[PDB]
């Protein structure tokens, strides 16, 4: 339900904010950890406190093994209009050429504590995270966690967009039935997203490199 278009010299994306179990989830990110939000029941703050509210998007890039879906389309569209240039892609390919390690290589561990809870010993499951933040507010998270349907752990890439960066302003009120917000995607966000996939896993890198070399 993510619609990517090109309006007024900008790559525009329209995101649904009422599907808490989709790949596009509204979360209140405080203390670093994302917490679910009932957009249809809880009215958003009207203060400057709207900065704590992000849109967690596990962005796609492949469909029918063709690489013309969401991120891949955004990149293609950006390339078509001369926003993303040859040198921009050449940088990314040069960047991927030097990548030897990935987040997926990092391991999950269970650490012990001296705390107890009614006879039970307290431990901590520790999952590795790679994260880059953009000055405009958006940040990109690469999180190692279990696959939703498959077996094992993968690097998950999330694009997190603060609600202060989208329109209309959700401040002071509640999300409407099937409400969709509009978001102008900066080109720098795409490059860092591509970098994020490149360092996520060797498999992701090979896909991105293949895709980028196909449009040079």
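Positions refer to the first chain, counted from 1.
Mean CA temperature factor is higher for 38-46 when stretches 155-163 and 38-46 are set side by side in the entry. Higher average CA B factor: 65-73, of the stretches 65-73 and 145-153. Per the deposited record, 98 carries the highest C-alpha B-factor of all listed residues (111, 98, 133, 104). Highest C-alpha temperature factor among 59, 55, 189, 171, as the PDB entry reports it: 171. Among all modelled residues in its chain, residue 206 ranks in the highest third by Cα B-factor. Ranked by C-alpha B-factor against the other modelled residues of its chain, residue 25 falls in the lowest third.
Among the modelled residues of its chain, residue 86 has a C-alpha B-factor that falls in the highest third according to the deposited record. Among the modelled residues of the chain, residue 13 sits in the middle third by CA temperature factor in this PDB entry.
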